[PDB]
Each structure stands twice: as C-alpha cells, then as structure tokens.
A.B. asks: 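Let me give you the structure first, and then I'll get to my questions.
Atoms considered below: every heavy atom in the structure, side chains included; atoms not considered: hydrogens, waters and symmetry mates. Just so you know, residue 1 is the first one in the sequence shown, and it goes up from there.
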Amino acid sequence: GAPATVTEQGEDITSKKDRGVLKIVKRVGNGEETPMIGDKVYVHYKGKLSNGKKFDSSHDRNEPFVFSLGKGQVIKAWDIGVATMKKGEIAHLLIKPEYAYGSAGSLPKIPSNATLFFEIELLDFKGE
Ligand SMILES: C=C[C@H]1CN(Cc2ccccn2)C(=O)[C@@H]2CCC[C@H]1N2[S@](=O)c1cc(Cl)cc(Cl)c1
C-alpha cells in the first residue's frame with residue numbers, strides 16, 4: 001500500500017541524508033514557489049501508524065490544520081516536509097521517530113518509537 005511504497009520508493013529530503021523523512025509527490029502543485037519560514041501554512045492531512053491504524057485526519061474535522069512554518073510548532077518532519085511543497089501539492093511522507101515523537105510517543109494513539117505515514121495537501125501559505 002501507500003506506506004510501503006513511500007518506504008521503498010521515496011526520496012530522502014533530510015539535510016543530514018539520514019533517510020529519516022522520505023517523500024513522494026502525488027500531485028504536482030502550482031509554479032515553483034514553496035513557503036518561507038514563518039509563513040502561515042494551511043494543510044489537510046491524514047496520518048497512519050505502522051500497524052495500519054488511522055490516528056488523525058483534518059478532513060474528518062472539516063477544517064484545515066494551520067501552523068507557522070519552521071517554528072517547531074509541529075514535528076520536525078512536518079517543518080522539513082511542508083517547506084518542500086508547492087501550493088496545491090499533495091505529498092506522502094514516511095517519517096522515522098527521530099523526526100516525529102521519538103521514544104516518548106504521544107498519547108493517546110502514538111506509541112514509542114513510531115514510524116509515521118502522512119498524506120499532506122498544502123492548501124495555501126501566507127506571510128503575516
Ligand atoms: C493538532 C495535531 C498536530 C499535533 N502536532 C504538534 C503537537 C503539539 C503538541 C503535542 C503533540 N504534537 C504535530 O506536530 C503533528 C503534525 C501536525 C498535525 C498534528 N500532529 S500528528 O498528526 C498528531 C495527531 C494526533 Cl490525533 C495526536 C498527536 Cl499527539 C499528534
């Protein structure tokens with residue numbers, strides 16, 4: 001399925017080249033510009049654990065998730081990954097725990113040492 005495919009066929013987008021965050025572009029977005037640090041970014045996403053369970057979805061809430069890029073308001077992989085996306089792009093990310101919740105995990109659903117899968121859509125990005 002999609003998690004296996006990004007595991008086996010994704011591109012390493014980390015600065016360290018440690019394979020901690022792999023990406024596939026599923027839908028090409030608009031033009032060449034990616035967001036800049038501090039931009040307000042609007043995303044839709046779904047996340048799955050390695051046991052196949054969906055653990056989160058913005059679609060199911062009927063509202064996007066909004067954060068300021070590059071500020072550690074999200075897991076490291078999201079700051080790295082969304083920074084690579086164009087407006088309108090849909091991507092898959094496959095994230096080792098060092099770029100997510102590490103050994104701590106995150107109650108209630110994310111265990112220790114969890115590799116995570118996301119599908120993300122970058123809806124919009126704006127400076128403030
Ligand atoms: C509102 C949910 C955010 C939570 N965070 C930031 C964060 C803040 C505080 C505690 C744990 N994570 C995040 O960095 C990432 C990426 C952005 C989307 C969501 N998460 S994960 O999908 C997530 C989903 C759910 Cl249901 C619970 C948790 Cl602990 C984490």
Side-chain angles (χ1 to χ4, degrees), residues 1-15 18-31 33-45 47-52 54-70 72-108 110-125 127-128:
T5 295
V6 57
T7 299
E8 294 177 351
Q9 308 295 332
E11 183 176 288
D12 186 359
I13 61 165
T14 65
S15 62
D18 65 11
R19 290 183 56 97
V21 184
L22 303 175
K23 182 183 181 197
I24 294 174
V25 177
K26 297 290 292 181
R27 183 175 69 199
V28 173
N30 304 146
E33 191 176 8
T34 63
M36 67 169 289
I37 182 168
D39 281 350
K40 190 171 183 204
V41 297
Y42 292 73
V43 302
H44 266 306
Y45 70 97
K48 301 187 80 176
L49 300 181
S50 49
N51 71 1
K54 168 167 71 184
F55 65 85
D56 199 2
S57 166
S58 62
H59 302 276
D60 292 342
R61 287 190 289 269
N62 300 310
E63 64 180 44
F65 181 78
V66 182
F67 69 102
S68 301
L69 188 62
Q73 296 180 354
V74 291
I75 59 172
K76 290 171 173 173
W78 272 47
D79 271 341
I80 294 162
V82 173
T84 73
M85 296 180 70
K86 292 171 193 78
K87 182 171 177 171
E89 181 177 318
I90 303 175
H92 289 179
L93 299 179
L94 192 289
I95 302 162
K96 302 309 288 176
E98 298 78 7
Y99 291 84
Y101 299 96
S103 52
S106 201
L107 291 311
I110 302 177
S112 184
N113 301 326
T115 291
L116 304 181
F117 170 84
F118 292 86
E119 178 170 278
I120 302 171
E121 178 175 358
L122 179 54
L123 303 162
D124 200 11
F125 59 92
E128 302 178 354

A.B. asks: Would you say the side chain of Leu49 lies within less than 4.5 Å of the side chain of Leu116, judging by non-hydrogen atoms?
C.D. replies: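 With C-beta onward as the side chain, the pair touches.
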A.B. asks: A side-chain contact here means heavy atoms from C-beta on lying under 4.5 Å apart; do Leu22 and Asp12 qualify?
C.D. replies: yes
A.B. asks: Measuring from atom NZ of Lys76 to atom NZ of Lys96, what distance do you get when rounded to the nearest 0.5 angstrom?
C.D. replies: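 The NZ atom of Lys76 sits 15.5 Å away from the NZ atom of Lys96.
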A.B. asks: Using 0.5 Å steps for rounding, measure from the CD1 atom of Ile75 to the CD1 atom of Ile95.
C.D. replies: 4.5 Å
A.B. asks: Any idea which heavy atoms bring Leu123 and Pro64 closest together, and the distance?
C.D. replies: CD1-CB, 3.6 Å
A.B. asks: Taking atom CD1 of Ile13 and atom CE of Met85, what is their separation to the nearest 0.5 Å?
C.D. replies: 9.5 Å
A.B. asks: Could you check whether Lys54 pairs with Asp60 (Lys NZ or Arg NE/NH1/NH2 to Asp/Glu carboxylate O, under 4.0 Å)?
C.D. replies: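 Yes, charged N to carboxylate O under 4.0 Å.
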A.B. asks: Mind checking whether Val28 and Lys86 have side chains closer than 4.5 Å, heavy atoms only?
C.D. replies: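 A side-chain contact under 4.5 Å is absent here.
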A.B. asks: Please examine the side chains of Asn51 and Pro111, heavy atoms only from C-beta on, and report whether any two atoms are closer than 4.5 Å.
C.D. replies: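 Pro111 vs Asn51: side chains apart.
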A.B. asks: Just wondering, do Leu93 and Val21 contact through their side chains at under 4.5 Å, heavy atoms?
C.D. replies: yes
A.B. asks: Out of curiosity, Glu119 CD to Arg27 CZ, how far, rounded to the nearest 0.5 Å?
C.D. replies: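 If I round to the nearest 0.5 Å, the distance is 9.5 Å.
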A.B. asks: Angle class for the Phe118/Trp78 ring planes (parallel below 30°, perpendicular above 60°, tilted otherwise)?
C.D. replies: perpendicular
A.B. asks: What distance do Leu94 atom CG and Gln9 atom CD have between them, rounded to the nearest 0.5 Å?
C.D. replies: 11.5 Å
A.B. asks: Write down the atom of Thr115, the atom of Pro97, and the distance for their closest heavy-atom approach.
C.D. replies: OG1-CD, 3.7 Å
A.B. asks: Given side chains that start at C-beta, do those of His92 and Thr7 come closer than 4.5 Å, heavy atoms only?
C.D. replies: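 Answer no - side chains too far apart.
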A.B. asks: Could you tell me which non-hydrogen atom of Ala83 sits nearest to which non-hydrogen atom of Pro35, and how far apart they are?
C.D. replies: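 Heavy atoms of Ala83 and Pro35 come nearest at O-CD, 4.3 Å.
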A.B. asks: Let me check something: do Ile80 and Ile90 share a hydrophobic cluster, defined by ILVMFWY side-chain heavy atoms less than 4.5 Å apart, either directly or through other members?
C.D. replies: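 No; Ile90 is not reachable from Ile80 via cluster members.
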A.B. asks: Ignoring hydrogens and geometry, is there a side-chain-to-backbone donor-acceptor pair from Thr34 to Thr84 under 3.5 Å?
C.D. replies: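 No, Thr34 side chain to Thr84 backbone: no donor-acceptor pair under 3.5 Å.
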A.B. asks: What's the shortest heavy-atom distance between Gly20 and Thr14, and which atoms?
C.D. replies: N-CG2, 3.9 Å
A.B. asks: Mind checking whether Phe125 and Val82 have side chains closer than 4.5 Å, heavy atoms only?
C.D. replies: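 Of all side-chain heavy-atom pairs linking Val82 with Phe125, none is under 4.5 Å.
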A.B. asks: With a 3.5 Å cut-off and no angle check, do the side chains of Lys40 and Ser68 form a donor-acceptor pair?
C.D. replies: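 Result is no, nothing qualifies.
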A.B. asks: Give a yes or no on whether the backbone of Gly72 and the side-chain of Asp79 come within a donor-acceptor separation of less than 3.5 Å.
C.D. replies: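 Checked: pair present.
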A.B. asks: Looking at side-chain heavy atoms only, is the closest gap between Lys87 and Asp124 below 4.5 Å?
C.D. replies: yes
A.B. asks: Looking at every heavy atom in both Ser57 and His59, which two are closest together, and how far apart are they?
C.D. replies: OG-N, 3.1 Å
